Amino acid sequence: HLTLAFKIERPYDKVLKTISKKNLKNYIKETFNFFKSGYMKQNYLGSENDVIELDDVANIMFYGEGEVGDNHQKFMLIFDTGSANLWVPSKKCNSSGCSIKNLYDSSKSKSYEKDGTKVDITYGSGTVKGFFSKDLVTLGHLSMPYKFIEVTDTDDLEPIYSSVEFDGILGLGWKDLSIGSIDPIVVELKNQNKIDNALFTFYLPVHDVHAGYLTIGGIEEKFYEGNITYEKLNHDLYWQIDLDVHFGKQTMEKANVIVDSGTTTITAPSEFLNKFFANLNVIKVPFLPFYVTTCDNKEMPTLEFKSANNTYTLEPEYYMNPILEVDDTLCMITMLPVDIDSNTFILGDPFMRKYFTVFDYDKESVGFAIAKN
């Protein structure tokens, strides 16, 4: 079973590009100290001028060995579990961002098959437009003709496009954003018997925050222990399921919970979480997408996510990290307020460091298991 190693970059890493570890630690430390004495009627959790943006919620998953065409054109791709599409920037692309990218040139590949259907597709960070083309897509030892989008306009994807070193996106979701008749490459791979099962899995090593492994086609026993329990999607087009969420005394019944290695933390509706934070004496670091308190905060509960048949937990040690100092004085809580509606949570990277996960198109479900390390 094909296993693609990918690299992960987080908002925290982004932060470190500009702030030194040193001053980031002191800024946070000196900030918390201020909170334990300063603004009495404090317990700061942000403001209209200090908000958590969606870019502060996303991890980026880079995989740079996929190829398009029978001549080995290489591209840096990022995985998106929210959509079915594959797209690469086209040689015909005249946008500014395209000048620094690996461009796809169909004239150099004798498996290219023209299609031409115009399309546009929108991501949270913006829209791109191009047209359909079909050619060999190679991923490791796997290769097959696959219909993808050749992007020619990326203007509406700025400033992200020119700021992030990726060429295109490979969809691990269900929804074709062009509302064309496109199947996710995983399903198509199954459709052409390139793989045993239309499913893929995520294994996120607890010891290496910058690494992840996507296995396509089957389940590797080496990634997990005990059994895998399945949960039926509550939606036709997203890796989303029903769970009762328990954050200590805080409870939400039958919440919508999206499972997404692409998300940097656990996310929760802002009221529910701000509340959660207001009891634990957690503060938001002003101007930074971080929430912190003492690593050994006595009150930090074990999160519980329950279904009819199963229970998943997330103990404090899985959602709390020492600000950078492997030495735990202050910790960030890997939870971020995100409002998609009144009911929706995301189980992002931290939950998946503990739980190995299976995304099964055939069974229309997400499988969960204790990850082996």
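Residues carry their position along the shown sequence, with the first being 1.
- Checked against the record, the higher mean CA B factor of 88-96 and 295-303 lies with 295-303.
- Mean C-alpha B-factor is higher over 44-52 than over the other stretch, the pair under comparison being 44-52 and 316-324.
- You'll see in the entry that, of 268, 278, 185, 198, the Cα B factor peaks at 278.
- Across 156, 167, 80, 231, the entry's maximum B-factor at the CA atom is seen for 156.
- Sort the modelled residues of the chain by CA B factor and residue 67 lands in the lowest third.
- Among the modelled residues of the chain, residue 114 sits in the middle third by CA temperature factor in this PDB entry.
- In this PDB entry, the Cα temperature factor of residue 151 sits in the bottom third of its chain's modelled residues, the lowest group.
- Remark: residue 285 belongs to the middle third of its chain, ranked by C-alpha B-factor as recorded.
- Looking at the C-alpha B-factors along this chain, the one for residue 160 belongs to the highest third.
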